[PDB]
């Protein structure tokens, strides 16, 4: 399971999930609601997947955790127009994450 040294990542992820702009990213992009997603996006990622991976030991390092966080935002930029509601949410969440990551590095 998660090593205590990564508790700061657990907290960042919890705070991301609670953010007003997090709604598009809480769970895997749902084919029932969004069509053609995996056609374009080779490596989907979302906050619930990260939460489970972190909590069960699937991130050995903060760098691996951060790479999945950035993948959420990179996928969002790939799939969505910048002026769409989801596109805007991705930019908000990237800024929020990078701010929190800056406090530590």
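Positions refer to the first chain, counted from 1.
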**83 to 91 versus 8 to 16 - which carries the larger mean C-alpha B factor in the record** = 83 to 91
**Prompt:** Out of 66, 54, 45, 40, which shows the largest CA B-factor listed in the entry?
**Reply:** 40
**Prompt:** What third of the chain, by the recorded C-alpha B-factor, contains residue 77?
**Reply:** highest
**Request:** Consider only the C-alpha atoms of the modelled residues in this chain, order them by B-factor as the entry records it, and name the third containing residue 35: lowest, middle or highest.
**Result:** highest
